[PDB]
Amino acid sequence: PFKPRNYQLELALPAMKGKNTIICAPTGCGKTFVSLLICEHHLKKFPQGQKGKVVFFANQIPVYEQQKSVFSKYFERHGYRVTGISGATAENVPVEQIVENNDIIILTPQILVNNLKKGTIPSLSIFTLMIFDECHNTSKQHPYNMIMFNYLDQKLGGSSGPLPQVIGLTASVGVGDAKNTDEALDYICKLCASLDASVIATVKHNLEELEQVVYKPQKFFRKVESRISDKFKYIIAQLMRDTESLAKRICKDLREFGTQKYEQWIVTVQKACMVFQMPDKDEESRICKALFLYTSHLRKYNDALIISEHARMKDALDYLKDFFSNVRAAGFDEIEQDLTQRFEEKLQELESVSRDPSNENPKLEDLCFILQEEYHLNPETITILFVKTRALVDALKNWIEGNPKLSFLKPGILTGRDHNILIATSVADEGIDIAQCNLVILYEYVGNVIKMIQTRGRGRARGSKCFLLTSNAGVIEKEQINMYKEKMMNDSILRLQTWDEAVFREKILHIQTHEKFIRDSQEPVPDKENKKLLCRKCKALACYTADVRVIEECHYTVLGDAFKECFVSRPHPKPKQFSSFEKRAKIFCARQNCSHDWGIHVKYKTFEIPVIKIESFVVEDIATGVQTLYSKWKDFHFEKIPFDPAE
Amino acid sequence: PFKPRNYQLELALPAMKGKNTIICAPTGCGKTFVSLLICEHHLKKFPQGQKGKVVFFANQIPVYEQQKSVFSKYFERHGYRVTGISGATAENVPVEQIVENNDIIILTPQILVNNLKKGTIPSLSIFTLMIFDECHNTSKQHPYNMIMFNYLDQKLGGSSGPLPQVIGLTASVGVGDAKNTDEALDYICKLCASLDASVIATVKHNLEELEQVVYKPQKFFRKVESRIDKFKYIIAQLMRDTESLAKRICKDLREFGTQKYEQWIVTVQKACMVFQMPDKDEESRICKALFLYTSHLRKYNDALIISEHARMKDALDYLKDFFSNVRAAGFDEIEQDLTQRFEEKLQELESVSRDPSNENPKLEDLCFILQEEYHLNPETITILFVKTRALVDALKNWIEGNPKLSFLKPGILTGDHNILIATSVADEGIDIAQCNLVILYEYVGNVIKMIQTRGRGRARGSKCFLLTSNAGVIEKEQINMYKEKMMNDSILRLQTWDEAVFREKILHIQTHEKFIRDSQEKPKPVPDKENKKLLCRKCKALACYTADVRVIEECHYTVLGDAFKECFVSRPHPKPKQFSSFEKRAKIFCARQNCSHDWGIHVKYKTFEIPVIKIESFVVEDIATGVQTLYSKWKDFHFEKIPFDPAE
Amino acid sequence: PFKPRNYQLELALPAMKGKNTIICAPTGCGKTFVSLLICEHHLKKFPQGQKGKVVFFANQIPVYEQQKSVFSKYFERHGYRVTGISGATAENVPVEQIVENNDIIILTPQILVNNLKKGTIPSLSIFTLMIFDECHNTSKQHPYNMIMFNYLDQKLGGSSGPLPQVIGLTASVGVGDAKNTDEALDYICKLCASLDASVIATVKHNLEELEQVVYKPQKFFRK
Amino acid sequence: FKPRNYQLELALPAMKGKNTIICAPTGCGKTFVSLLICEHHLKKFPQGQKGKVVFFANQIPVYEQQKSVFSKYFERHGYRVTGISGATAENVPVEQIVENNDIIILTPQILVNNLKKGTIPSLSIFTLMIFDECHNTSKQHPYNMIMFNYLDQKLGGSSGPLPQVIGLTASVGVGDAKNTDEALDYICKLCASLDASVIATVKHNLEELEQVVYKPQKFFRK
RNA sequence: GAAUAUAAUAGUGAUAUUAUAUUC
RNA sequence: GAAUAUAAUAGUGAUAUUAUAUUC
RNA sequence: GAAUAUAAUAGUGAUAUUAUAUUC
RNA sequence: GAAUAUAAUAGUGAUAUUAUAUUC
Ligand SMILES: *O=P([O])([O])OP([O])(=O)O[C][C]1O[C](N2[C]=[N+]([C])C3=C2N=C([N])[N]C3=O)[C]([O])[C]1[O]
Ligand SMILES: *OP(=O)(O)OP(=O)(O)OC[C@H]1O[C@@H](n2c[n+](C)c3c(=O)[nH]c(N)nc32)[C@H](O)[C@@H]1O
Ligand SMILES: *OP(=O)(O)OP(=O)(O)OC[C@H]1O[C@@H](n2c[n+](C)c3c(=O)[nH]c(N)nc32)[C@H](O)[C@@H]1O
Ligand SMILES: [Mg+2]
Ligand SMILES: [Mg+2]
Ligand SMILES: [Mg+2]
Ligand SMILES: [Mg+2]
Ligand SMILES: [Zn+2]
Ligand SMILES: [Zn+2]
């Protein structure tokens with residue numbers, strides 16, 4: 001083995017005495033070793049005639065694989081059978097038998113949730129020690145919090161069995177919407193109540209050792225103003241008012257370009273447009289479809305304005321060109337040809353402006369400055385760059401590759417499902433420990449306190465730096481308050497460590513009883529009338545609510561050979577074997593040049609069936625006639641006829 | 001059991017004597033009982049230490065089912081096991097054990113062919129009796145003759161195995177293209193050679209009994225005058241420039257409204273797809289335009305023909321349906337242009353389809369006939385035969401679209417009711433309702449079909465009208481009526497021969513044909529290892545490469561790689577069949593814009609879900625030279641054919 | 001192919017859930033189509049890597065031939081090999097081979113009894129569904145009861161072989177020498193135990209449909 | 001991962017279902033051959049059936065290595081990979097661990113003991129067996145014992161569905177043979193020991209194999 | 001030839017007799 | 001999807017086109 | 001396909017829209 | 001502790017001794 005650091009022993013200590021401990025320590029100080037310590041001690045604690053059963057909850061699959069590997073190779077030599085159950089290997093298997101025949105089990109929490117609800121696992125008394133990776137997640141309706149709901153429901157009751165010790169691991173417990181230390185302490189106590197925790201473990205005695213292991217990178221604030229003059233926006237504005245005029249040639253207008261309020265307004269406008277009714281129901285299709293294409297088009301224009309605001313004009317122009325070309329590759333329409341022909345008119349001027357040197361972004365200029373300087377002082381620099389969207393990932397990557405100034409940069413991509421600089425959208429929690437970046441750069445990217453603290457893990461080496469480039473003061477302040485909330489966090493934790501076990505446990509039990517009472521006191525009318533499901537783009541008859549069958553009380557399919565004529569299929573670009581289903585292809589509308597995303601086509605059990613989403617269908621009651629729109633399927637209450645194999 | 005006819009015993013007598021014989025009896029005199037009698041005698045002739053094994057050959061599934069049920073219901077009581085194997089129940093089952101563990105096996109011939117070729121069934125020595133239903137099909141490359149090729153190849157060889165007795169069943173052996181009796185004689189001898197028959201059994205000493213059961217319907221010939229042009233001087237110019245705006249693109253070196261015009265448009269269309277162009281981008285535009293133009297032209301031709309044979313209203317509704325489907329398959333500038341030109345002149349029409357002034361005299365003659373025959377007998381059951389499947393519901397809508405024929409209840413028979421409209425039934429087939437009236441609307445086939453059609457009305461008083469506006473049809477029927485005489489006379493002449501002499505003439509012909517077939521084998525392909533690019537035929541978009549194409553069971557062709565998966569779209573198959581070890585899951589079309597040209601189908605082969613394509617939907621470009629060649633069949637396209645391997 | 005009565009679906013419902021079921025319905029309601037539905041659904045329920053094997057038990061030869069005919073005509077199209085073995089075609093034939101190589105097998109019960117006793121058929125595990133026509137004969141030592149004796153003797157013993165679902169078809173289970181209610185009930189329970197049944201399917205919801213298809217004839221007594 | 005060609009050439013006979021003795025120089029990469037064979041074998045069964053692979057390693061380091069690889073590789077595709085060694089074998093239900101998993105890595109002595117104890121009915125529960133260092137399959141070695149069970153069930157009256165056998169080695173040996181024919185018969189005896197019908201060797205991709213694994217020059221000092 | 005079931009008739013019954021039907 | 005047959009048409013023919021039907 | 005979380009924006013908020021990420 | 005393999009040395013060999021290594 002290897003000699004463990006003293007602060008790791010210090011963090012493991014509260015948990016090794018058998019207390020439900022939330023361990024809060026810096027990202028990358030070696031929490032895995034602590035986990036192995038606590039687990040080893042826990043399993044060694046039991047006498048003859050009984051062997052403990054530990055379970056480790058990991059949120060993401062990489063963490064699942066990592067921890068499963070480490071735990072296996074570490075503990076198998078000591079005679080402890082280690083297993084793991086992920087989403088893939090959790091179907092058609094006796095999960096109960098797998099749990100009982102193993103000492104250590106690495107799980108994703110959704111599995112245990114579904115197993116508890118299904119009843120395959122009776123209670124959590126089977127376990128002796130539950131560990132929560134990224135514990136702080138155990139709030140709201142997170143799977144962690146569901147497991148803990150079962151735990152507390154079993155605890156808070158006369159019929160109580162032997163419950164397992166609950167250990168939590170995190171780098172930040174968070175403080176929520178707190179503005180002062182008291183509210184923060186309240187939030188932290190609520191979290192400890194969520195985990196039935198009585199002790200918060202932080203490094204106190206061996207602080208300096210930890211300060212020589214993990215380092216806090218110096219953070220810098222880069223406030224640059226917007227682009228001075230935008231000819232691009234001056235063109236796209238006019239195009240969008242021409243599109244707005246094309247759309248206003250039909251209906252009433254009941255806002256600023258390049259804004260988010262506009263992006264919401266166009267959504268509500270489109271949603272309101274696909275409700276429009278006509279006795280013809282033929283020209284209605286043309287009007288609604290046009291009022292879909294217009295909306296979507298000027299929406300793409302808005303997106304292009306945002307991209308233009310956060311990157312090169314060439315990036316936005318390439319976004320528009322990409323969009324219109326993908327529209328051109330997928331059939332054609334009179335409206336589509338119209339708008340396109342309108343766009344290519346302004347295209348030449350647009351690239352006359354885009355290929356102009358004076359039309360450069362200062363926000364990218366300062367980034368180029370920081371990159372040039374930091375790579376000049378140290379040409380062995382490993383950079384990471386966080387941005388909001390994927391469009392900005394591609395744009396910044398092409399900007400890096402297409403810049404004489406930055407010919408020393410070999411960019412890489414880290415987008416949700418070697419090099420010098422990685423370009424990523426966001427990473428949930430800490431995740432699998434990646435290569436060390438001595439330069440973190442936040443490009444219009446600011447999250448909460450927990451994410452801020454976790455981000456320090458990227459550069460836990462001495463001399464690491466973290467810049468924050470923005471053209472919005474609200475961003476700067478939003479990052480400023482996070483540090484104050486971290487202060488409030490550590491101070492609240494430090495005051496909470498002064499309390500004695502009795503008082504804290506009493507408070508915890510009190511709170512637990514409180515939201516248990518909230519949950520229990522919390523806990524419908526299906527109109528069996530038939531309704532036509534129409535295409536949200538064509539207003540054409542897709543199906544009927546009677547033909548719709550519901551699988552697993554979550555998924556929805558259509559019955560009859562009548563529906564098979566209404567859609568078309570294209571082999572799924574990203575197939576997946578989720579639950580008891582297997583994605584085979586995507587399903588779109590079939591009426592003329594439409595092809596609107598209706599749903600997918602999957603293999604389920606012994607049937608090849610089409611599954612739809614109500615987010616792309618209009619519900620029309622035949623009697624009343626009025627049309628309505630629904631997002632979640634659960635909002636659409638009706639006679640949900642269950643699925644039967646005899647049809 | 002049931003008391004049989006005497007002519008049945010007479011027909012079954014040469015077969016029961018153990019001689020390979022062809023039975024020629026009028027349609028519907030009960031050949032089933034003959035089969036049952038022959039089988040019963042053949043099975044119960046054997047001793048105790050030996051057992052017989054009979055195999056029956058039905059060409060189609062209805063006959064398969066019927067014969068299987070009858071044989072099983074009749075022979076089980078006698079202690080014989082009867083089974084059947086068709087294409088549906090042929091997969092994943094040991095057919096040799098099914099054959100061995102049974103006494104009577106009803107088969108579709110393709111099953112036995114495939115099993116013999118594969119090797120699951122060693123030889124035909126297993127059977128002691130083979131019976132061919134509609135044995136007139138024993139010729140050319142038909143599965144029957146494919147079986148008899150095996151039979152003879154074993155017979156005409158040093159390898160000697162106990163070969164089964166061969167019985168044939170038909171109402172006509174045919175005469176081929178014989179101009180005289182001595183040629184028809186040679187044809188019949190050739191057929192008997194193909195079936196290794198030494199006897200031709202017909203009714204003779206009991207004809208007086210037979211002719212009181214099967215009555216020959218009287219055959220009236222109705223020659224009518226043609227239409228005299230409310231739909232001719234309208235679509236004429238339409239065709240004229242719909243050809244010439246295709247000529248606007250390029251010059252291309254023949255009366256309109258005919259079949260020759262169809263062939264012309266077809267070959268032209270198959271000559272436009274190979275227009276190599278350096279621009280490539282607008283090559284797609286040109287080809288996708290010309291394809292649409294020709295596709296409109298030929299269906300215009302179809303409308304013209306339909307008008308020439310039926311109502312003009314249906315000739316309109318045809319085009320209306322066509323443009324409806326075109327508008328439903330996505331709107332194109334060219335398509336909406338031709339559609340605009342069509343609907344511009346559509347106002348002139350429809351009104352023309354609404355005048356009684358221009359009504360097809362053929363349909364009026366048909367109305368006259370039907371009204372007459374249903375006046376004389378209201379309980380008349382009429383069956384009608386048309387050339388194409390287009391004229392079926394055309395004549396149907398003509399019937400109910402007429403108050404004069406309000407006493408008619410049309411029925412359909414293609415792929416309760418007074419009249420049944422149909423295309424063309426293969427052979428005798430499963431027996432349907434007995435008809436008192438048979439009408440042939442421009443429908444004349446071979447002599448065998450003529451003789452077999454008499455089975456539709458084998459009762460007394462049955463009639464058959466041949467309604468046509470062409471003399472060639474009439475003469476084509478008369479030559480058949482002469483061919484029947486030639487056949488019967490040749491048969492009666494052969495029945496005077498000595499059995500031995502006939503046997504050696506048969507043997508002679510057999511050896512001749514065997515030598516021919518043996519020497520017919522040839523060095524056919526030198527596989528081109530050069531990688532060829534397969535493009536679409538309509539929009540000329542790149543479909544795939546020859547390196548990606550795999551061949552399955554030396555017949556079908558799939559595409560590997562994830563590259564091709566982004567080249568096509570799919571919609572659930574209209575008629576989901578199940579052929580071989582496959583299963584039609586859906587259809588497969590192009591993806592380049594709304595081209596939507598049919599490429600093939602998407603099937604479920606074992607544990608794979610794969611695309612299967614037909615070469616007649618693609619253009620074979622050469623990646624090296626650029627010579628765009630076309631192939632109508634996969635076997636005509638010789639290239640480096642790599643057998644499908646699950647390893648991939 | 002078409003228009004099944006709703007009471008037929010109601011009767012086939014418990015058997016389409018794998019439950020061993022005795023079906024009790026008036027004579028002439030159409031038990032054949034019920035058998036066809038149950039059997040069909042039983043066949044289409046198996047995945048690709050697995051297959052089913054249904055066996056029908058007819059007590060008489062005419063019923064045998066009729067059922068074999070119907071099942072053959074109906075399931076040939078779908079791709080199921082249907083065969084039959086009676087006393088006339090039972091000698092000098094490989095019953096193991098005939099049973100395996102077919103998906104649906106129609107038998108007279110004495111055949112199965114004899115071939116089980118001989119050892120030619122090892123166990124009933126080869127079957128996935130057994131249907132009994134006139135299942136009220138499952139008593140004393142009628143061939144049905146012997147077959148079920150083998151079934152039970154494999155069930156209750158140490159043998160853990162996968163036993164097939166059991167369906168019975170009758171218009172009257174009988175009461176025997178019962179003189180009151182809970183005697184008749186005990187008799188019926190004894191019969192259900194003889195057939196390993198746990199569900200007795202009868203018409204309850206679609207009575208109004210059935211009573212318009214099958215009429216009870218008025219009875220008279222002339223002394 | 002970017003595979004080599006000779007690996008595919010070595011795996012191909014095994015993927016066709018034939019029992020195969022793969023003989024290739026040490027260091028060529030038999031691991032990816034194992035992974036490929038296992039992947040193709042498991043992802044070939046229909047829905048109504050499932051595959052069960054068993055991997056035999058004679059040493060604990062090789063055992064934990066292979067277990068690590070197979071677990072980190074087949075978890076994604078949806079196959080439960082587990083391992084049994086001398087440490088964990090005691091006081092555990094073996095047949096349950098075997099049936100509840102798709103890929104089972106173990107030392108041969110384990111399976112021998114559980115076959116002798118009768119806790120496992122037969123090898124029919126497996127569909128693919130893979131002997132690492134299959135040259136050990138001789139004499140009283142555990143490999144040859146397992147194969148003795150296999151052959152006893154094979155040549156016996158019983159007709160249970162037997163798993164296909166893949167062996168992995170760099171040498172098969174020739175024993176105390178003097179000429180090529182005795183060596184041939186000994187090799188045939190080894191093939192009979194593993195019920196193999198094909199000996200996989202690199203042929204059409206030697207130019208690459210030599211580019212990968214080189215042969216060291218030898219010197220003799222007397 | 002044998003087996004099986006239903007019914008009537010005597011015995012408390014094991015059953016026996018006859019009738020009827022089915023099966024191998 | 002593939003194979004086979006029949007009919008018409010172009011052709012000296014091997015063939016080709018279309019129509020129709022069947023089978024695997 | 002569905003569920004969960006984070007952030008921005010509208011709203012008093014329960015919520016809603018968008019973006020992002022994850023899970024089954 | 002037990003089982004197993006490789007090598008050398010004895011011997012006709014089954015085997016034996018020893019060395020080395022592995023596994024349970
Ligand atoms: O088309 P398949 O490959 O699935 O095979 P099949 O049996 O239908 O062959 C029939 C031929 O006719 C054409 N076809 C097929 N479908 C489904 C249609 C058509 N033609 C029209 N006008 N409408 C159809 O729906 C094919 O070319 C095929 O070769
Ligand atoms: O599309 P599915 O119904 O199979 O579900 P999903 O898990 O794959 O989620 C995709 C959903 O997000 C939207 N979406 C964005 N982008 C860029 C894509 C894409 O490239 N391909 C697909 N199929 N969907 C995309 C969709 O709205 C979808 O619902
Ligand atoms: O016993 P068998 O070998 O004779 O065969 P079987 O089953 O057909 O006969 C059964 C018994 O019935 C008797 N029996 C024959 N006949 C013609 C009659 C009859 O007409 N009426 C009665 N009441 N019995 C008959 C046979 O003698 C045989 O014992
Ligand atoms: Mg085929
Ligand atoms: Mg006997
Ligand atoms: Mg789900
Ligand atoms: Mg021991
Ligand atoms: Zn639509
Ligand atoms: Zn195309």
# chains A, B, ... in the order shown; residues from 1 in each chain; ligands from 1

call {"tool": "interface_residues", "arguments": {"of": "chain B", "to": "chain D", "cutoff": "12 Å", "atoms": "only C-alpha atoms", "output": "ChimeraX atom specification"}}
result
/B:605-608,645-648

call {"tool": "interface_residues", "arguments": {"of": "chain D", "to": "chain A", "cutoff": "9 Å", "atoms": "only C-alpha atoms", "output": "short mmCIF file (atom, residue, chain, number, x, y, z; two decimals) with N, CA, C and O atoms, in the first residue's frame"}}
result
data_model
loop_
_atom_site.label_atom_id
_atom_site.label_comp_id
_atom_site.auth_asym_id
_atom_site.auth_seq_id
_atom_site.Cartn_x
_atom_site.Cartn_y
_atom_site.Cartn_z
N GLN D 47 -32.36 -12.75 -28.96
CA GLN D 47 -32.94 -12.19 -27.74
C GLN D 47 -33.32 -13.27 -26.73
O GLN D 47 -33.18 -13.08 -25.52
N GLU D 64 -6.19 -10.71 -12.24
CA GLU D 64 -6.69 -9.39 -11.88
C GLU D 64 -6.54 -8.41 -13.04
O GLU D 64 -7.36 -7.50 -13.21
N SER D 68 -9.68 -6.69 -14.75
CA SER D 68 -9.72 -5.24 -14.86
C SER D 68 -10.08 -4.81 -16.28
O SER D 68 -10.97 -3.97 -16.48
N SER D 71 -13.69 -5.90 -17.31
CA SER D 71 -14.67 -5.14 -16.55
C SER D 71 -14.76 -3.70 -17.07
O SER D 71 -15.84 -3.13 -17.17
N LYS D 72 -13.61 -3.13 -17.40
CA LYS D 72 -13.56 -1.75 -17.87
C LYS D 72 -13.96 -1.63 -19.33
O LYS D 72 -14.15 -0.53 -19.84
N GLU D 75 -18.42 -3.41 -19.49
CA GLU D 75 -19.43 -2.78 -18.66
C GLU D 75 -20.31 -1.86 -19.51
O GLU D 75 -21.51 -1.76 -19.29
N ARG D 76 -19.68 -1.20 -20.48
CA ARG D 76 -20.37 -0.25 -21.33
C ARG D 76 -21.43 -0.91 -22.21
O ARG D 76 -22.53 -0.38 -22.36
N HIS D 77 -21.09 -2.06 -22.78
CA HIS D 77 -21.98 -2.74 -23.72
C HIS D 77 -23.14 -3.43 -23.02
O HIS D 77 -24.11 -3.84 -23.67
N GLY D 78 -23.05 -3.58 -21.70
CA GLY D 78 -24.12 -4.18 -20.93
C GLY D 78 -23.91 -5.66 -20.64
O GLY D 78 -24.81 -6.47 -20.84
N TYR D 79 -22.71 -6.01 -20.18
CA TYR D 79 -22.40 -7.38 -19.80
C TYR D 79 -21.78 -7.40 -18.41
O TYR D 79 -20.82 -6.69 -18.14
N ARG D 80 -22.33 -8.23 -17.53
CA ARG D 80 -21.84 -8.30 -16.16
C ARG D 80 -20.58 -9.15 -16.08
O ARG D 80 -20.61 -10.36 -16.29
N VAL D 81 -19.46 -8.49 -15.76
CA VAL D 81 -18.17 -9.17 -15.65
C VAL D 81 -17.76 -9.34 -14.19
O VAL D 81 -17.74 -8.38 -13.43
N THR D 82 -17.45 -10.58 -13.81
CA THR D 82 -17.03 -10.87 -12.45
C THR D 82 -15.84 -11.83 -12.42
O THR D 82 -15.47 -12.41 -13.44
N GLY D 83 -15.26 -11.99 -11.24
CA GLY D 83 -14.10 -12.85 -11.08
C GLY D 83 -14.12 -13.67 -9.81
O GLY D 83 -14.64 -13.23 -8.78
N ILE D 84 -13.56 -14.87 -9.88
CA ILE D 84 -13.44 -15.74 -8.71
C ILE D 84 -12.01 -16.24 -8.56
O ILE D 84 -11.46 -16.84 -9.48
N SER D 85 -11.42 -16.00 -7.39
CA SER D 85 -10.08 -16.48 -7.10
C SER D 85 -10.08 -17.26 -5.79
O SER D 85 -11.12 -17.41 -5.15
N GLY D 86 -8.91 -17.76 -5.39
CA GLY D 86 -8.79 -18.55 -4.18
C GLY D 86 -9.17 -17.81 -2.91
O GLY D 86 -9.51 -18.42 -1.90
N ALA D 87 -9.12 -16.48 -2.96
CA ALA D 87 -9.47 -15.65 -1.81
C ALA D 87 -10.98 -15.56 -1.64
O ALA D 87 -11.49 -15.69 -0.52
N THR D 88 -11.69 -15.35 -2.74
CA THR D 88 -13.13 -15.13 -2.68
C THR D 88 -13.95 -16.42 -2.84
O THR D 88 -15.13 -16.44 -2.52
N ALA D 89 -13.31 -17.48 -3.33
CA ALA D 89 -14.01 -18.73 -3.62
C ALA D 89 -14.62 -19.37 -2.38
O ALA D 89 -15.66 -20.03 -2.47
N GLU D 90 -13.99 -19.17 -1.24
CA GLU D 90 -14.46 -19.77 0.01
C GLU D 90 -15.74 -19.09 0.49
O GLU D 90 -15.87 -17.87 0.44
N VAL D 92 -18.82 -18.83 -0.63
CA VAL D 92 -19.68 -18.09 -1.56
C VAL D 92 -20.42 -19.04 -2.49
O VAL D 92 -19.91 -20.12 -2.83
N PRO D 93 -21.64 -18.66 -2.90
CA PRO D 93 -22.41 -19.45 -3.87
C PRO D 93 -21.89 -19.28 -5.29
O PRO D 93 -22.18 -18.28 -5.94
N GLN D 96 -24.45 -19.24 -8.43
CA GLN D 96 -25.22 -18.00 -8.47
C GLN D 96 -24.40 -16.89 -9.12
O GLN D 96 -24.91 -16.13 -9.93
N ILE D 97 -23.13 -16.82 -8.75
CA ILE D 97 -22.22 -15.83 -9.33
C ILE D 97 -22.02 -16.09 -10.82
O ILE D 97 -21.95 -15.16 -11.62
N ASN D 100 -25.51 -15.35 -12.71
CA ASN D 100 -25.87 -13.93 -12.67
C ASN D 100 -24.89 -13.04 -13.42
O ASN D 100 -25.03 -11.82 -13.43
N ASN D 101 -23.89 -13.66 -14.06
CA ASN D 101 -22.90 -12.90 -14.80
C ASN D 101 -22.70 -13.43 -16.21
O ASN D 101 -23.03 -14.58 -16.51
#

call {"tool": "residues_near_ligand", "arguments": {"ligand": "ligand 6", "cutoff": "7 Å", "atoms": "only C-alpha atoms (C1' of nucleotides) and all ligand atoms", "output": "ChimeraX atom specification"}}
result
/A:552,554,579 /G:2,24

call {"tool": "residues_near_ligand", "arguments": {"ligand": "ligand 5", "cutoff": "12 Å", "atoms": "only C-alpha atoms (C1' of nucleotides) and all ligand atoms", "output": "list in words"}}
result
residues 87, 91, 110, 111 and 114 of chain C; 1, 2, 3, 23 and 24 of chain E

call {"tool": "select_by_dssp", "arguments": {"residues": "region 16-192 of chain C", "states": "strand (DSSP E or B)", "output": "ChimeraX atom specification"}}
result
/C:21-24,54-57,82-85,104-107,129-133,165-170

call {"tool": "select_by_dssp", "arguments": {"residues": "region 327-551 of chain A", "states": "helix (DSSP H, G or I)", "output": "PyMOL selection string"}}
result
chain A and resi 327-329+334-354+362-377+390-401+449-459+473-496+501-520

call {"tool": "residues_around", "arguments": {"residues": "residue 120 (chain A)", "least_positions_apart": "2", "cutoff": "12 Å", "atoms": "only C-alpha atoms (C1' of nucleotides)", "output": "VMD selection string"}}
result
chain A and resid 92 to 100 111 to 118 122 to 124

call {"tool": "residues_near_ligand", "arguments": {"ligand": "ligand 9", "cutoff": "9 Å", "atoms": "only C-alpha atoms (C1' of nucleotides) and all ligand atoms", "output": "list in words"}}
result
residues 284, 288, 535, 536, 537, 538, 539, 540, 541, 542, 543, 567, 568, 589, 590, 591, 592, 593, 594, 595, 596, 597, 598, 599 and 618 of chain B

call {"tool": "decode", "arguments": {"residues": "region 146-171 of chain D", "atoms": "C-alpha atoms", "output": "compact mmCIF listing (two decimals), in the first residue's frame"}}
result
# COMPACT_ATOMS: atom_id res chain seq x y z
CA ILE D 146 -11.51 -29.31 -16.94
CA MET D 147 -10.98 -30.58 -20.47
CA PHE D 148 -11.29 -34.13 -19.11
CA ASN D 149 -14.73 -33.18 -17.84
CA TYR D 150 -15.48 -31.62 -21.23
CA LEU D 151 -14.42 -34.73 -23.16
CA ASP D 152 -16.19 -37.03 -20.69
CA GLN D 153 -19.43 -35.17 -21.38
CA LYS D 154 -18.64 -35.04 -25.10
CA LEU D 155 -17.79 -38.67 -25.88
CA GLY D 156 -20.25 -39.88 -23.25
CA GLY D 157 -23.91 -40.76 -23.71
CA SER D 158 -24.93 -37.29 -22.57
CA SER D 159 -25.54 -34.69 -25.27
CA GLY D 160 -25.43 -31.34 -23.49
CA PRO D 161 -24.69 -28.13 -25.44
CA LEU D 162 -20.92 -27.75 -25.04
CA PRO D 163 -19.07 -24.38 -25.17
CA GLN D 164 -16.50 -23.59 -27.88
CA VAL D 165 -12.86 -23.69 -26.81
CA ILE D 166 -10.28 -21.00 -27.53
CA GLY D 167 -6.70 -21.42 -26.37
CA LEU D 168 -4.02 -18.73 -26.26
CA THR D 169 -0.28 -19.35 -26.42
CA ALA D 170 3.07 -18.44 -27.97
CA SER D 171 4.22 -22.05 -28.20
